[PDB]
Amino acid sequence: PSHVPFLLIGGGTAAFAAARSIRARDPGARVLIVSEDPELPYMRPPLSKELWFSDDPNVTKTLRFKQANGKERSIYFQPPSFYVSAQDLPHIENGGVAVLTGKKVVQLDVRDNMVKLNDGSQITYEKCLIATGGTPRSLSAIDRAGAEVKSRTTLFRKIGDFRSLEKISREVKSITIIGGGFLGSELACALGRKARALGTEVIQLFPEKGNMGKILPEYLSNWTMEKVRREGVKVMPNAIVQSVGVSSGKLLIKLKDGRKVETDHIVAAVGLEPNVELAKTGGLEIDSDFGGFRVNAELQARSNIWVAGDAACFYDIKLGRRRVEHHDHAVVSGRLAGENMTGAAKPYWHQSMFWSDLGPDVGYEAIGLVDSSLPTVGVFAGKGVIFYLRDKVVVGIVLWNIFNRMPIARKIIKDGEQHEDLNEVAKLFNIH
């Protein structure tokens, strides 16, 4: 299309939430999503969890899964019939939402409210949302290695990554995961379950002393590492990769402490790099501390440009400047951007929550500023709650195997109350 009122750059979780937010407040809105991926907007969490614990051997083709409730759903937010074609977008009665897949915005002209695509096309907009997300980081050791090593290394984020790694797990006998965060630990439990049926091997190495060493306190991180080992995973904590090479066709990971790991494939889950390529041509400011596009409390960068999702470094009126990489955050920030793109002028207020499932026995939700560096107070009874403190106020909460009580945690963070006894606060989560 030559011109479109609402232009959403990127076809991920934040863009879809913004589109349906715009449509809700402007029933006749014409919204164009431009996505470099060939897929329609879809959610990613199932790519490292539900899709691996499915009984259907065609799950790689159907891309459907059963939720905690039990109802089956697809990873796509909506079926193709819910969208309109970009050709019909500036004609169809009552407008709609179109997705232009396989196209990447490569130049942003803020002055003329115009974007240029990788095929030379130019599109003008009235209001634009940057929801480009981010790219998985790689390891310098794997970068210094040859093509043989890189060709046997997976960066997990997209649907293709799930289908390729699922295919690898059925072809090799040993897969090593590098990274102790949520993604690395979830893929370990997933491959561990998948490995128990074929008798294969799953290794996980990371620099910390336990899984989520940057997020959970030491004692809980250590307890988690044992739960992951119970899933059939060989966990190698305190491991820093010095170099990676190929010897006799097998991958050989040399660690800084002298240890060596022989494996067939490597999955690198070592953080995310925000896609801020369009800031150069667009003259958009990026945040040197947190990375990403720097935006205000309303997720706004310029008069008619907002940013949401993983790529948005925003100002939290309550918690300070932040950048968050959570699914619910992309939904909340995307939804908020769409509202502000229709005159709402609302600041980021409703905090988002993140969750993670390390097998069917372990599952944690969380909200706010969750960092192992901050002081923590853990109350337990298999079940517990972790409070994250700063200036004598609770700024982050982790709920360990406690569900359907996130609104309670959200209220504690908002009230900013100075609690004399957190043990009493733990009763709000049914801990006694």
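Quick note: we count residues from 1 along the sequence shown, nothing fancier.
According to the record, 10 or more deposited residues between residue 381 and residue 382 are left without atomic coordinates.
The PDB entry reports B-factors from which the mean C-alpha value can be compared for 147 to 155 and 321 to 329; the larger average falls on 147 to 155.
Per-stretch averaging of Cα B factors for 351 to 359 and 295 to 303 places 351 to 359 on top. In the PDB entry, the Cα temperature factor peaks, among 137, 335, 229, 280, at 229. Residue 213 sits in the middle third of its chain by CA B factor, as recorded in the PDB entry. Split the chain's modelled residues into thirds by C-alpha temperature factor. Residue 289 is in the lowest one.
Residue 197 sits in the highest third of its chain by CA B factor, as recorded in the PDB entry. Per-chain ranking of the deposited C-alpha B factor places residue 258 in the middle third. In the deposited entry, the Cα temperature factor of residue 74 sits in the top third of values across the chain's modelled residues.
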